[PDB]
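1. Build the 3D model from these lines:
(3 chains)
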Amino acid sequence: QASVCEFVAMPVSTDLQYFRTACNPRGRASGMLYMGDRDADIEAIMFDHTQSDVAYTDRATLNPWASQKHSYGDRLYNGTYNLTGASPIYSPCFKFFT
Amino acid sequence: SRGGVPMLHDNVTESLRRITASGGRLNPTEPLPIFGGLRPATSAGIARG
Amino acid sequence: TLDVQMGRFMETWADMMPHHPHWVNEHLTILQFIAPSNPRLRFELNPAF
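-> Numbers count the residues shown, from 1 in each chain, chains lettered A, B, ... in the order given. Next up is the structure itself:
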């Protein structure tokens, strides 16, 4: 069975050391696995670009085209806005953006 | 830290502190509480320690 | 006559600008543009807009 490949737009001048290890395709590490103080921190980790990335604590996000709250990659591959709902095929990067 | 000899112009040290705040992680809070601990701004979850 | 208009624009622009425009500072490298203290990062969303 052939497996699909979903393409995510991202700038050319990208630090290639990110992709040499187990990275995250959103460009900014997310998830519920980072907690400790409050409850409304999921949007803060995933979408608040005032503060830095959780994993690489030097920069906000790797690409600003698929990481903001309403960026191109987030508008195109999130399940909340549901732009690709009618397509019968699988988007393999749906689990990283929702 | 406080206690050293301050600069003569307040706008100079304000711009200098603002620029030093950019490009860094831990910074003094912007209200700058006189009689404060000057605790750095807490963030969301931590990754690796 | 395109001369008095330029003079009017000059005396308007003499006090029209109080700060640094956000579309001029292209001297930033990738590490400073990506950095979260950049105020233009929240306006860079679509690659063709």
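2. Enumerate the residues of chain C near chain A.
-> Residues of chain C lying near chain A by CB under 8 Å from any CB of the partner chain: C:30-31, C:34-36, C:38, C:41-42, C:44-47. Placement of C-beta: from N, CA and C, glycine included.
3. In helices, which of those appear?
-> C:30-31, C:34 (DSSP state H).
4. Spatially central residue for the chain, please.
-> No chain in the question, so chain A it is. Nearest to the mean C-alpha position of chain A, by CA atoms, centre = their mean, lies residue A:26 at 2.3 Å.
5. think we crossed wires, I meant chain B
-> In chain B, the residue lying closest to the centroid (CA atoms, centre = their mean) is residue B:28, at 2.7 Å.
6. Now for the nearest residue to that residue once chain neighbours are set aside: which residues touch it?
-> Among residues not flanking residue B:28 along the chain, residue B:38 sits closest, at 5.1 Å (CB to CB, 6 or more residues apart in numbering or on different chains). Residue B:38 is in contact with B:28-29, B:32, counting by CB atoms under 8 Å, 6 or more residues apart in numbering or on different chains.
7. Counting only helices, which of those residues make the cut?
-> Going by DSSP H, the helices hold none of the contacts of residue B:38.
8. and which of the residues you listed is nearest residue A:93?
-> Nearest to residue A:93 among these: residue B:29, at 37.4 Å, using CB to CB.
9. Kindly tell me how buried the closest residue to the closest one other than its chain neighbours is, as a neighbour count.
-> Using CB to CB, 6+ apart and skipping the chain neighbours, the partner closest in space to residue B:29 is residue B:41 (5.5 Å). Neighbours of residue B:41 under the rule other CB atoms under 10 Å in any protein chain shown: 12.
10. so how far is residue B:35 from residue B:41?
-> Distance of residue B:41 to residue B:35, given as CB to CB, to the nearest Å: 18 Å.
11. mind listing what the residue in chain A that chain C sits nearest to touches?
-> The minimum distance from chain A to chain C, using CB to the nearest CB, falls at residue A:60 (3.8 Å). Counting by CB under 8 Å, 6+ apart, residue A:60 touches A:28, A:49, A:51-53, C:34-36, C:38, C:41.
12. So it versus residue B:1, what's the distance?
-> Look at residue A:60 and residue B:1: by CB to CB, they are 28 Å apart.
13. And residue C:35, by the same measure?
-> Distance of residue C:35 to residue B:1, computed by CB to CB: 24 Å.
14. So what's the residue count around the residue in chain B positioned nearest to chain A?
-> Residue nearest to chain A within chain B: residue B:45 (2.6 Å; CB to the nearest CB). Here the number of neighbours of residue B:45 (other CB under 10 Å) works out to 18.
15. Please give the element, helix or strand, for it.
-> Here residue B:45 is covered by no helix or strand, with elements defined by DSSP states H and E.
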